[PDB]
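Protein chains in written order, with the authors' numbering: chain 3, 2 to 67; chain 5, 2 to 67; chain 4, 68 to 72, 83 to 135. Just so you know, even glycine gets a beta-carbon here, dropped at the ideal spot from N, CA and C.
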Amino acid sequence: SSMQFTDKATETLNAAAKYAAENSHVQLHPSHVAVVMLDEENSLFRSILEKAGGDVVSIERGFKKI
Amino acid sequence: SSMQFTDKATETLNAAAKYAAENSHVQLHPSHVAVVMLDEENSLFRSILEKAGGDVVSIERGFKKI
Amino acid sequence: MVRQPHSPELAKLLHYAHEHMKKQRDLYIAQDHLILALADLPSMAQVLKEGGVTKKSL
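Written as structure tokens, this is what we have:
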């Protein structure tokens, strides 16, 4: 078994650990990844929600409550 | 010094470097050359020991401990 | 094989092959997927470690 990462997904995984440590948390919830990944210039995730339907201003608001 | 190699000699030294990857090694030690030659059926190193009267089992154990 | 009398032990071997299928990025299951499944079994990993192939060397 082997695990190989890229460049865009690598910086997002390392950024999720720093966000959970600066807010005094215990577990690494998966909701701490989509927030940092969305805040990117010309990100690939922004065009997904705008193509398959759904407003991008209401989905992100539901991640901060978690 | 002019240390030219033949076609058969390059096939052994190049295979000895890749042979140490499976045995967890980070260096090319000369003791790995005799191990690769003994793992091949009907090799040149095995035919020499049969004419000089030498046990191939005791020799393989010596290079394995190093 | 002598100690042992669909097989119940075969169900665990086929279940481990599905886990390795989602590792090497292969949509199907070939011969290489069944090789790593034998090392996960506690009653089968001792045979591979007897000759001279440990967990890191495998």
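Practice task
Starting from residue 23 (chain 5), find everything on chain 4 with Cβ-Cβ shorter than 7 Å and list it in chain order.
Solution key: Indexing the second sequence from 1 puts residue 23 (chain 5) at position 22. The answer, in chain order, is 134.
Exercise for the section: Verify the CB distance criterion: does residue 89 (chain 4) have a CB-CB separation below 8 Å to chain 3? Expected result: Taking the third sequence and counting its residues from 1, the one referred to as residue 89 (chain 4) is at position 12. Taking Cβ atoms only, chain 3 never reaches closer than 8 Å to residue 89 (chain 4), which makes this a no.
Practice task
Step through the CB atoms of chain 4 and report whether any lies within less than 8 Å of the CB of residue 59 (chain 3).
Solution key: Walking along the first sequence from the start, residue 59 (chain 3) turns up at place 58. No, its Cβ sits nowhere closer than 8 Å to a Cβ of chain 4.
Exercise for the section: Assuming residue 17 (chain 3) and residue 37 (chain 3) form a contact by the criterion Cβ under 8 Å, report the distance between their Cβ atoms to the nearest whole angstrom. Expected result: Position 16 of the first sequence, counted from the first residue, corresponds to residue 17 (chain 3). Position 36 of the first sequence, counted from the first residue, corresponds to residue 37 (chain 3). So it is a contact: roughly 6 Å between Cβ atoms.
Exercise for the section: My understanding is that residue 29 (chain 3) touches residue 35 (chain 3), with C-beta atoms under 8 Å, so please give their C-beta distance in whole angstroms. Expected result: In the first sequence, counting from the first residue as 1, residue 29 (chain 3) sits at position 28. In the first sequence, counting from the first residue as 1, residue 35 (chain 3) sits at position 34. At roughly 13 Å, the Cβ-Cβ gap does not stay under 8 Å, so residue 29 (chain 3) and residue 35 (chain 3) are not in contact.
Problem - the stretch 32-56 of chain 3: positions lying closer than 9 Å to chain 4 by Cβ - result: none
Exercise for the section: Could you tell me if residue 53 (chain 5) is buried or exposed, where buried requires 16 or more neighbouring beta carbons within 10 angstroms of its beta carbon? Expected result: Taking the second sequence and counting its residues from 1, the one referred to as residue 53 (chain 5) is at position 52. By the Cβ neighbour-count rule, residue 53 (chain 5) is exposed, with fewer than 16 other Cβ atoms within 10 Å of its own.
Practice task
Take residue 67 (chain 5) as the anchor and find which of 51 (chain 5), 31 (chain 5), 19 (chain 5) has the nearest alpha-carbon.
Solution key: Against the second sequence, residue 67 (chain 5) aligns to sequence position 66. It is 31 (chain 5) whose Cα lies nearest to the Cα of residue 67 (chain 5).
Practice task
Examine chain A for any beta-carbon lying closer than 8 Å to the beta-carbon of residue 100 (chain 4), and answer yes or no.
Solution key: Among the chains of the structure shown, chain A does not appear; the protein chains present are 3, 5 and 4.
Problem - First through last residue of the alpha helix (DSSP H) which encompasses residue 47 (chain 5) - result: What you label residue 47 (chain 5) is simply residue 46 of the second sequence in a count that begins at 1. Unbroken alpha helix (DSSP H) run through residue 47 (chain 5): 45-53.
Exercise for the section: May I ask you to report which of helix, strand or coil DSSP gives residue 65 (chain 5)? Expected result: Position 64 of the second sequence holds residue 65 (chain 5). Residue 65 (chain 5): helix per DSSP, three-state reduction.
Problem - Beta carbon of residue 97 (chain 4) nearer than 8 Å to that of residue 113 (chain 4) - result: Translated into positions along the third sequence, residue 97 (chain 4) becomes position 20. Translated into positions along the third sequence, residue 113 (chain 4) becomes position 36. It is a contact, given that the beta carbons lie within the stated cut-off.
Exercise for the section: Just the C-alpha distance for residue 62 (chain 3) and residue 51 (chain 3), rounded to the nearest angstrom, thanks. Expected result: For this step, residue 62 (chain 3) is matched to residue 61 along the first sequence. For this step, residue 51 (chain 3) is matched to residue 50 along the first sequence. Whole-angstrom Cα-Cα distance: 16 Å.
Problem - From 26 (chain 5), 25 (chain 5), 64 (chain 5), residue whose alpha carbon lies closest to that of residue 40 (chain 5) - result: For the purposes of this step, residue 40 (chain 5) is identified with residue 39 of the second sequence, where counting begins at 1. Cα-wise, what sits closest to residue 40 (chain 5) is 64 (chain 5).
Handout entry: Continuous alpha helix (DSSP H) stretch holding residue 11 (chain 5): start and end
Key = Numbered from its first residue, the second sequence carries residue 11 (chain 5) at position 10. Element bounds for residue 11 (chain 5): 8-23.
Handout entry: Three-state secondary structure (DSSP) of residue 106 (chain 4)
Key = By one-based count along the third sequence, residue 106 (chain 4) stands at place 29. It is coil, neither helix nor strand.
Handout entry: residue 26 (chain 3), buried or exposed, once every other Cβ within 10 Å from all chains shown has been counted against 16
Key = Sequence index remark: in the first sequence, residue 26 (chain 3) carries index 25 (1-based). Residue 26 (chain 3) comes out exposed.
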